[PDB]
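A lone chain, given as structure tokens: the form deposited without the ligand.
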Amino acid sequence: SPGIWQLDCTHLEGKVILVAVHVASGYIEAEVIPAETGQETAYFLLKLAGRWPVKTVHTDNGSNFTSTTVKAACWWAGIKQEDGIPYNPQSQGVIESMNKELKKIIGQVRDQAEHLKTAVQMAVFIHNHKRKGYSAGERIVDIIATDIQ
């Protein structure tokens, strides 16, 4: 549970926003890329796993599950690469709702920056700090610290 993350790819402004969600907390990291490719997804997972103890990643689609470059990055970084089949049907709903909430936040900040990437990092900040009471950033630290002890 503490080490499981889900990839999610959504689109805005003709660009792709790649998101990693820590499933147990709802904490996210995200980036804007011009298109989803294996190399961009592999680089994103390398960043993520140097920053949090990523044990398992559920990939977002079959092309990133198949990609040799993504499998190579997961080898390099010690991540178990898994498919992202929603065996629990509640799961695609949770992801869908997250994409809608993120796009809502992006719209609320959009005029505060020229570049979409800046708006997306403002939305990551607001999402991770929102108290639901604990925020997702607090939840992820508590879960992982509890795992370490």
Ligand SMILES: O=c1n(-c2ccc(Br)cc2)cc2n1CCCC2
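Residue numbers run from 1 along the displayed sequence.
Going from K132 to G133, the model skips 4 to 9 deposited residues, which lack coordinates. The mean Cα B-factor in the deposited entry runs higher for 30-38 than for the other of 119-127 and 30-38. Comparing 1-9 with 139-147, the stretch with the higher mean C-alpha B-factor in the PDB entry is 139-147. Taking only the listed residues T59, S67, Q90, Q112, the entry reports the highest CA temperature factor at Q90.
Out of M98, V54, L46, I106, it is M98 whose C-alpha atom has the highest B-factor in the PDB entry.
Same protein, other form: the form solved in complex with the ligand, not shown, and the subject of what follows.
The ligand in the entry with it bound comes within 4.5 Å of no heavy atom belonging to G84.
Within 4.5 angstroms of the ligand in the entry with it bound, the stretch 27-41 places a non-hydrogen atom from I28 alone.
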